[PDB]
Amino acid sequence: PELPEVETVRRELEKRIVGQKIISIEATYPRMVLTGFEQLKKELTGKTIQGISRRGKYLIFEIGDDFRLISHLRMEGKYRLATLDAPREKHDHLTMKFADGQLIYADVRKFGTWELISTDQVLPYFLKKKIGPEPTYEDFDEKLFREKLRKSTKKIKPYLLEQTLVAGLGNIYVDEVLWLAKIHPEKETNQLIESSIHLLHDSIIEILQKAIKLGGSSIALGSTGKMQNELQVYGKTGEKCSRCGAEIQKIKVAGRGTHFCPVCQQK
DNA sequence: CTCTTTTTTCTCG
DNA sequence: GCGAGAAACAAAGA
Ligand SMILES: O=c1[nH]c(=S)[nH]c2[nH]ccc12
């Protein structure tokens, strides 16, 4: 999941578990709780969920006044709300039980993580990760963006994926964004001219906000997304580009599968 | 059978 | 510092 999917999950959860007292917490895979499962179980049991926030691709459960549970879904994490008598499925790892249902985390690849941290440590947590601004007009300052691009000789796609120029892009939306901004994924950032950086900036915001409105891409909470029907290049190798009669090509860039339209995305 | 494919952190040179 | 490659892991396809 990328920012749009995580935000969809955040919204569904917010409407359903906020106000719910945690009756108990159980784990078949305690190892994904990086700060210690027993400590998390002791601290959160009996607490009421106050809210759910999000920063980049990170889910943030506000639980009691003084704790936050930072959940990352990584590649295939999935939450669902189930009745208490629901049967365990093979890749279920954690469950948070309420009086009238339960929140189950499942993750085939076991990459997802939970971290318990205190409220006044949330901002420091994200500062230490150097997570960039949220992809909104109010937060994503183009001027700083522009100066960071001009100082680097990194390729634009992997640099955007680092989450430090701006938060929330992953492989799908970085490919869509670069297609929309007519930029080559291996373009070195210091060769980007001002007008391209401007288009890149706005496209990042516009694509991510559109995907949020369409409830994310779906290829469980957040499983009713429609953004996948609007994808222009990701996973569409060999099919025609929607800007010219060329075909989508797929290459490897700094380890990632990369879909782009050669003719519309020259350096 | 082998090899490759699908977020973030770590290692090595 | 850097970039490349691999690692965490499971399942599927070639
Ligand atoms: O290289 C990265 N690619 C993605 S998708 N997320 C990241 N976080 C930190 C580094 C990276």
Side-chain angles (χ1 to χ4, degrees), chain A residues 1-10 27-30 32-35 37 54-60 69-77 79 89-94 104-115 117 125-129 131-132 134-135 148-178 184-191 204 208 211 216-220 222-223 225 227-228 231 233-238 248-260:
Chain A
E2 305 184 17
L3 181 156
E5 292 69 36
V6 172
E7 172 63 18
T8 308
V9 172
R10 189 202 70 78
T28 57
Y29 192 67
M32 67 167 282
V33 181
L34 311 183
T35 49
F37 174 71
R54 181 196 46 71
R55 183 85 174 85
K57 304 174 201 170
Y58 299 71
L59 220 43
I60 306 174
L69 162 53
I70 307 208
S71 159
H72 205 297
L73 281 65
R74 292 295 191 96
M75 289 291 290
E76 278 178 39
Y79 281 105
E89 301 192 336
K90 177 172 192 196
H91 300 112
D92 292 345
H93 300 314
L94 305 173
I104 300 161
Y105 182 74
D107 193 329
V108 169
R109 297 185 70 187
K110 297 174 160 80
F111 289 169
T113 55
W114 277 13
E115 291 164 283
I117 76 160
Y125 174 103
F126 283 111
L127 294 178
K128 174 173 178 172
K129 314 259 207 222
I131 300 304
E134 293 297 314
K148 287 190 166 182
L149 271 355
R150 303 226 271 242
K151 274 182 163 57
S152 170
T153 64
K154 291 172 174 189
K155 294 171 180 182
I156 183 65
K157 170 160 164 159
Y159 199 0
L160 290 173
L161 286 181
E162 290 181 4
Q163 303 304 290
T164 60
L165 294 175
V166 64
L169 293 162
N171 212 26
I172 297 173
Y173 296 119
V174 78
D175 280 0
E176 295 295 311
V177 147
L178 293 179
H184 190 294
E186 294 183 288
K187 186 63 180 300
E188 298 188 336
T189 63
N190 63 5
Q191 317 288 332
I204 287 161
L208 287 180
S217 298
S218 297
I219 62 99
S223 61
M227 183 62 189
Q228 66 273 16
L231 300 184
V233 294
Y234 177 88
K236 299 209 187 293
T237 316
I248 309 306
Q249 266 191 36
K250 184 180 181 169
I251 59 175
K252 276 259 173 283
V253 173
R256 307 301 300 274
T258 303
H259 313 78
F260 77 117

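Heavy atoms only: backbone and side chains are in, while hydrogens, waters and symmetry mates are out. Just so it is clear: chains get the letters A, B, ... in the order the sequence lines come, proteins before strands, and each one is counted from 1.
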For [N] and [M], measure between their [atom1] atoms and round to the nearest Å.
N: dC3(B); M: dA6(C); atom1: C1'; answer: 15 Å
N: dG3(C); M: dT6(B); atom1: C1'; answer: 23 Å
N: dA8(C); M: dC1(B); atom1: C1'; answer: 25 Å
N: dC9(C); M: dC10(B); atom1: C1'; answer: 16 Å

**Asked** Can you name the closest pair of heavy atoms from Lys236(A) and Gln228(A) and give their distance?
**Response**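 Closest heavy-atom pair between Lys236(A) and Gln228(A): NZ-O, 4.4 Å.
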
**Request:** Kindly give the heavy-atom pair with the smallest separation between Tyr105(A) and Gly77(A), and that separation in Å.
**Result:**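 Scanning both residues completely, I find the closest heavy atoms to be OH-CA, 3.2 Å.
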
**Item:** Set of residues satisfying side chain to side chain donor-acceptor pair (under 3.5 Å) with respect to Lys187(A), sequence neighbours excluded
**Value:**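 Side chain to side chain donor-acceptor pair (under 3.5 Å) check on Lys187(A) returns nothing, list empty.
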
Base, sugar-phosphate or nothing for [X]? Non-hydrogen atoms, less than 4.0 Å.
X: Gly257(A); answer: sugar-phosphate
X: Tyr159(A); answer: nothing
X: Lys252(A); answer: sugar-phosphate

Which whole-number value in Å describes the distance from [X] [atom1] to [N] [atom2]?
X: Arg256(A); N: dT5(B); atom1: CZ; atom2: P; answer: 12 Å
X: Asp107(A); N: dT7(B); atom1: CG; atom2: P; answer: 13 Å
X: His91(A); N: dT6(B); atom1: NE2; atom2: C1'; answer: 15 Å
X: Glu76(A); N: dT8(B); atom1: CD; atom2: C1'; answer: 15 Å
X: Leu160(A); N: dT8(B); atom1: CG; atom2: P; answer: 13 Å
X: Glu5(A); N: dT6(B); atom1: CD; atom2: P; answer: 17 Å
X: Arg54(A); N: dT7(B); atom1: CZ; atom2: P; answer: 14 Å
X: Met75(A); N: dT4(B); atom1: CE; atom2: P; answer: 17 Å

Taking only the side-chain nitrogens and oxygens of [X], find out if one of them lies under 4.0 Å from OP1 or OP2 of [N].
X: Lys129(A); N: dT8(B); answer: no
X: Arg74(A); N: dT6(B); answer: no
X: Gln163(A); N: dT7(B); answer: no

**Request:** Establish, yes or no, whether the cationic atom of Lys129(A) lies under 6.0 Å from the six-membered ring centre of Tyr125(A) and within 45° of the ring axis.
**Result:**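 Judged by the rule (NZ or CZ under 6.0 Å from the ring centre, within 45° of its axis), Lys129(A) counts as positioned above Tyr125(A).
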
Detail all sub-3.5 Å separations between protein N/O atoms and N/O atoms belonging to nucleotides 11-13 of chain B.
none

**Request:** Calculate, to the nearest 0.5 Å, the distance between atoms NZ and OG1 belonging to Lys90(A) and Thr28(A) respectively.
**Result:**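 So the NZ of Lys90(A) and the OG1 of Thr28(A) are separated by 12.5 Å.
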
**Asked** Roughly how far, to the nearest 0.5 Å, is the CE atom of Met75(A) from the CG atom of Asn171(A)?
**Response**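 Here the rounded value is 8.0 Å.
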
**Set of ring-ring contact (aromatic ring centres under 6.0 Å, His included) partners for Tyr234(A), sequence neighbours left out** =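 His259(A).
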
**Item:** ring-ring contact (aromatic ring centres under 6.0 Å, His included) partners for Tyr58(A), two or more places apart
**Value:**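 If we apply the ring-ring contact (aromatic ring centres under 6.0 Å, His included) test to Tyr58(A), skipping adjacent residues, the hits are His72(A), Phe126(A).
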
**Request:** Label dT7(B) north or south, basing it on the sign of the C1'-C2'-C3'-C4' dihedral.
**Result:**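 South, since the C1'-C2'-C3'-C4' torsion of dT7(B) has a negative sign.
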
**Prompt:** Which way does the sugar of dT6(B) pucker, north or south, judged by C1'-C2'-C3'-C4'?
**Reply:**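 North is the answer for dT6(B), its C1'-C2'-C3'-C4' torsion being positive.
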
**Asked** Looking at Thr258(A), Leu169(A), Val177(A), which hits side-chain contact (heavy atoms from CB on, under 4.5 Å) with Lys157(A)?
**Response**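 It is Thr258(A); the other options fail the test.
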
**Request:** Name the first nucleotide and the last nucleotide along DNA chain C (5' to 3') that come under 4.0 Å of a heavy atom in chain A.
**Result:**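 Under 4.0 Å from chain A, the extent on DNA chain C is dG3(C) to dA11(C).
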
**For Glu2(A), salt bridge (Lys or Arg N to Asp or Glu O under 4.0 Å) partners two or more places apart** =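 Salt bridge (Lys or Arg N to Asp or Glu O under 4.0 Å) check on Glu2(A) returns nothing, list empty.
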
